[PDB]
Each structure stands twice: as structure tokens, then as C-alpha cells.
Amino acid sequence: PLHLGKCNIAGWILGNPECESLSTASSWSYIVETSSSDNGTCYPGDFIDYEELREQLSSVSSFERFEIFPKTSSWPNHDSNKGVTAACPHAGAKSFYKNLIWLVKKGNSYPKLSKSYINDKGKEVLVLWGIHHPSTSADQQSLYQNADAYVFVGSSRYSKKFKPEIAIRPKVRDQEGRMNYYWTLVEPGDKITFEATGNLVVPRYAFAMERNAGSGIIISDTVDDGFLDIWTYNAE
């Protein structure tokens, strides 16, 4: 039973920086959360596919946080260190999620983006990428220059093409930017492909895993299954 001490699954797997630490390894029956409400998703946004994600992270053999592409060098052409925010701060300084990189413009103009992970070893590779929706076209051009801009995640077993919806949502942690969160899965066959002219929060860390099926005991609101027998009913 994996049990989080500092936050709900939103921020833990994204790396909100009250989350960080966690526990010792992974093979876990099901998750337990210390539930933040106002505090869960840091920079305000909707987590797409969040409840399906709730149960794929349930019965799991292992896990790996690995450097999908490293923040540093993966992006020759996009300014890789500038996005961090007060919404997701730390030490009073303005931080950002650990497992993704907010990619703002390098020297005003944003070319097509090519990046891809091609898998090899079979384990389920969980890749995550946020999508950012500027408050205004001010918020917009000063980050990703192309005011007409998109995001397309290629798969095989997945495809989606996003697009920012720019408008001023009410303030959440002083932020009228809103972001969106999406998680694909690339199995031993597939070769993932990203690309965009903007509004993409690209993965840094991502996970190799293996599941089975399971769980079932949880909180109302918020192998070892049937075995052979136990030492009573059959042999003695």
C-alpha cells in the first residue's frame, strides 16, 4: 500500500514542490493521499484522464523515474530555464514541477518542435506533459511567439492535437493562466512523438512500470489474492 504523506496524486506525480520526498520503492496495492484541496494542482488547471490514472497506478510492479529527455540539452532551440512560477514556488523562490519543463521562447521566435522517445525494454512507460493556456495574447506572445500555435502528440496507440484556449479565468493562486494535464502510455512496441509551435510543458521525468490487476480496499469519500489456501481449509 503506497501512502503519500504530503499531497494528492496530482502534485506527487507531477512534482508540485511540497511533494518531493515520498517513500521506499514500489510495488503497491493502492494509493493513499493526504488530501490537499486548494493546494493540489499548483499552477491551476484541469487534470485530464485523472481517474483512469487513479486506477492504473493502483496495482503496480515497480516504477522508474528516469530522465525521459533531460531538461538541459534536449531542446537545442527553446529557452529551457525561464518558466517557473509563484503558483508552484519553493523556499519562497518561484519553483516549477520537477518532472516537466515549462518551455518559453528563446529570443523571440519559436520553430517547430521535433522531440520523441522511442521505447525498447518492455515495461509501461508513463509520459506526462502539461499544456498551458495564457491569460491573454500578452501572456501568449511573450512566451510562445506564434499566436497561432499548436501541440500534437503522436503515438500509434494515442493521437491528440491540442490548441490553447486563451481567456482570463478567475484568479487561482494569482494566476489567470490555466494549464492542462495529460498522460499517455507507451508500451514496448511504440515510439512516442511530440511536436509543437507552443504551449507545451514537456516531460523531464517519466515512468517505466508493470501492473497486474487488483486493489479494491480504499477510503469511502476522501499473489496474495486467494493464493492457494491458507493452512486451514485444505491440508489441515
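All residue numbers are counted from 1 along the displayed sequence.
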Does the entry skip any residues of the deposited sequence between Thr24 and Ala25, and if so, is it 1 to 3, 4 to 9, or 10 or more, or none at all? none
Of 88-96 and 110-118, the one with larger mean CA B-factor: 88-96
I need to verify one thing: averaged over C-alpha atoms only, is the B-factor higher for 202-210 or for 59-67? 59-67
Ranking the modelled residues of this chain by C-alpha B-factor as given in the entry, is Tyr182 in the lowest, middle or highest third? lowest
Going by the entry, which third of its chain does the Cα temperature factor of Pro188 land in? middle
Check where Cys42 lands among this chain's C-alpha B-factors and tell me if it's the lowest, middle or highest third. highest
Lowest, middle or highest third of the chain for the C-alpha temperature factor of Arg54? highest
Quick check for you: using the entry's CA B-factors within this chain, is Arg157 in the lowest, middle or highest third? highest
